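The structure appears right after this line, and notes come after that.
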Amino acid sequence: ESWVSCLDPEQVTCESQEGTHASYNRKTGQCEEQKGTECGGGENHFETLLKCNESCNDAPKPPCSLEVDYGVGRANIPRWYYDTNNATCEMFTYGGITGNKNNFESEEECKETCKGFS
């Protein structure tokens, strides 16, 4: 149940080693890379960003509880994301770069999952 690590307190960074790891930052609602080797904190850390993303995709946490993330690529794939700041579903240009749980195929899906569709 690696999705547990996703929903655990963030792993604390470390200035001992130069090695880096992935961790789900609840303040931004996305997986981020940071330097450190398990120098205290929670179990919220992963081998890489893909492992983090997949773990947080398997997490029960509603997609509407995460912020908009359509990647930072240069693709042009229309997809729907929930805006947590304006509390509304909008279409964004998917860049093709990973993402997070907040990722919908349709406006209906977005709204219904905010209602609590599961």
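Note on naming: chains are A, B, ... as they come in the structure tokens, residues start from 1 per chain, ligands start from 1 in the order shown.
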Exercise for the section: Find the spatial neighbours of residue 18 in chain A, counting only C-alpha atoms, within a cut-off of 9 Å - ignore same-chain residues fewer than 6 positions away - and output them as a VMD selection string. Expected result: chain A and resid 35 to 37
Using N, CA, C and O atoms, can you export the residues from the last selection as a JSON list (two decimals), in the first residue's frame?
[["chain", "number", "residue", "atom", "x", "y", "z"],
["A", 35, "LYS", "N", 16.29, 16.74, -2.03],
["A", 35, "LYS", "CA", 17.53, 16.10, -1.62],
["A", 35, "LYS", "C", 17.47, 15.64, -0.17],
["A", 35, "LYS", "O", 17.08, 16.40, 0.71],
["A", 36, "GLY", "N", 17.85, 14.39, 0.07],
["A", 36, "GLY", "CA", 17.89, 13.85, 1.42],
["A", 36, "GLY", "C", 17.75, 12.33, 1.41],
["A", 36, "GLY", "O", 17.27, 11.75, 0.43],
["A", 37, "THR", "N", 18.16, 11.69, 2.50],
["A", 37, "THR", "CA", 18.10, 10.24, 2.60],
["A", 37, "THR", "C", 17.48, 9.81, 3.92],
["A", 37, "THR", "O", 18.17, 9.27, 4.79]]
Check: What are the DSSP strand (DSSP E or B) residues of chain A, as a ChimeraX atom specification?
Finding: /A:10-11,20-25,30-35,41,44,46,77-83,88-94,104
Export, as a compact mmCIF listing (two decimals), in the first residue's frame, the selected residues with N, CA and C atoms.
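The result, written out as again.txt:
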# COMPACT_ATOMS: atom_id res chain seq x y z
N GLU A 10 5.27 14.62 5.04
CA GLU A 10 6.35 14.74 4.07
C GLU A 10 7.68 14.28 4.66
N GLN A 11 8.49 13.62 3.84
CA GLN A 11 9.86 13.29 4.22
C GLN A 11 10.71 14.55 4.36
N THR A 20 18.82 12.28 -4.06
CA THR A 20 17.51 12.91 -4.05
C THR A 20 16.40 11.87 -4.10
N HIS A 21 15.17 12.29 -3.81
CA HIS A 21 14.03 11.40 -3.82
C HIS A 21 12.74 12.15 -4.12
N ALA A 22 11.69 11.41 -4.45
CA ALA A 22 10.38 12.01 -4.71
C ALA A 22 9.51 11.98 -3.46
N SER A 23 8.67 13.00 -3.31
CA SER A 23 7.75 13.07 -2.18
C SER A 23 6.51 13.88 -2.54
N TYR A 24 5.35 13.43 -2.06
CA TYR A 24 4.10 14.12 -2.32
C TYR A 24 3.92 15.32 -1.39
N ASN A 25 4.02 16.52 -1.95
CA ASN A 25 3.90 17.74 -1.17
C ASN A 25 2.44 18.18 -1.06
N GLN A 30 1.14 17.79 -5.29
CA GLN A 30 1.91 17.16 -6.36
C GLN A 30 3.18 16.51 -5.82
N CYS A 31 3.75 15.60 -6.61
CA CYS A 31 5.00 14.95 -6.24
C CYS A 31 6.20 15.80 -6.66
N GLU A 32 7.12 16.01 -5.73
CA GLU A 32 8.27 16.88 -5.97
C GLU A 32 9.57 16.20 -5.58
N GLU A 33 10.64 16.51 -6.31
CA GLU A 33 11.95 15.95 -6.02
C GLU A 33 12.72 16.80 -5.02
N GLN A 34 13.34 16.15 -4.04
CA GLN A 34 14.07 16.85 -3.00
C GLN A 34 15.28 16.05 -2.53
N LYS A 35 16.29 16.74 -2.03
CA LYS A 35 17.53 16.10 -1.62
C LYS A 35 17.47 15.64 -0.17
N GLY A 41 11.35 12.62 9.64
CA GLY A 41 10.12 12.95 8.93
C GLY A 41 9.18 11.75 8.87
N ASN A 44 6.71 9.57 3.70
CA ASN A 44 6.33 10.14 2.41
C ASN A 44 7.56 10.40 1.54
N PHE A 46 9.66 8.47 -2.20
CA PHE A 46 9.60 7.45 -3.24
C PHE A 46 10.90 7.40 -4.04
N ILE A 77 -3.10 18.29 -25.75
CA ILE A 77 -4.21 17.39 -25.47
C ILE A 77 -5.18 18.01 -24.48
N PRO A 78 -6.33 18.45 -24.97
CA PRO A 78 -7.36 19.04 -24.12
C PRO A 78 -7.80 18.06 -23.04
N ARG A 79 -7.65 18.47 -21.78
CA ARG A 79 -8.11 17.67 -20.65
C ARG A 79 -8.68 18.56 -19.56
N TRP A 80 -9.49 17.96 -18.69
CA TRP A 80 -10.23 18.71 -17.68
C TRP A 80 -9.58 18.60 -16.31
N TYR A 81 -9.45 19.74 -15.63
CA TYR A 81 -8.87 19.77 -14.30
C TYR A 81 -9.72 20.61 -13.35
N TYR A 82 -9.75 20.21 -12.08
CA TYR A 82 -10.51 20.92 -11.07
C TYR A 82 -9.68 22.03 -10.43
N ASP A 83 -10.17 23.26 -10.52
CA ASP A 83 -9.53 24.40 -9.87
C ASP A 83 -9.98 24.54 -8.43
N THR A 88 -13.95 25.22 -9.46
CA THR A 88 -14.61 25.06 -10.75
C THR A 88 -13.79 24.16 -11.67
N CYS A 89 -14.47 23.50 -12.61
CA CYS A 89 -13.81 22.62 -13.56
C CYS A 89 -13.53 23.34 -14.87
N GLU A 90 -12.27 23.31 -15.30
CA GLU A 90 -11.85 24.01 -16.51
C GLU A 90 -10.99 23.12 -17.39
N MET A 91 -10.97 23.41 -18.68
CA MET A 91 -10.14 22.67 -19.63
C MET A 91 -8.75 23.28 -19.73
N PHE A 92 -7.73 22.44 -19.65
CA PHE A 92 -6.35 22.89 -19.80
C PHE A 92 -5.63 22.10 -20.88
N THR A 93 -4.53 22.66 -21.38
CA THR A 93 -3.74 22.00 -22.41
C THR A 93 -2.70 21.07 -21.79
N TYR A 94 -2.97 19.77 -21.86
CA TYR A 94 -2.07 18.77 -21.29
C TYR A 94 -0.74 18.73 -22.02
N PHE A 104 -9.03 14.68 -15.29
CA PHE A 104 -10.35 14.20 -15.68
C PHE A 104 -10.47 14.13 -17.20
ask   = Quick one: distance from CA of residue 58 in chain A to CA of residue 74 in chain A in Å, one decimal?
value =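 Computing the Euclidean distance for CA of residue 58 in chain A and CA of residue 74 in chain A yields 26.6 Å.
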Restricting the calculation to only C-alpha atoms, which member of A:65, A:5, A:55, A:17 is positioned closest to residue 116 in chain A?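 Of all the options, A:65 lies closest to residue 116 in chain A.
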Tell me, in Å to one decimal, how far CA of residue 66 in chain A is from CA of residue 15 in chain A.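 Between CA of residue 66 in chain A and CA of residue 15 in chain A the gap is 29.2 Å.
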Margin query: Can you pull out every residue from range 19-92 of chain A that DSSP, working from the backbone, puts in helix (DSSP H, G or I), and format the result as an MDAnalysis selection string?
Written below: chainID A and resid 49:57 63:65
- Quick one, how far is CA of residue 59 in chain A from CA of residue 26 in chain A?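 Computing the Euclidean distance for CA of residue 59 in chain A and CA of residue 26 in chain A yields 13.0 Å.
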Closest of A:97, A:7, A:72, A:64 to residue 115 in chain A, counting only C-alpha atoms, is A:64
Find, counting only C-alpha atoms, the residue in A:111, A:51, A:27, A:101 that gets nearest to residue 70 in chain A.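 Ranking A:111, A:51, A:27, A:101 by distance to residue 70 in chain A, first place goes to A:101.
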Fill in: Among the residues A:84, A:100, A:113, A:76, the one that comes closest to residue 49 in chain A [using only C-alpha atoms]
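Counting only C-alpha atoms, the residue closest to residue 49 in chain A is A:100.
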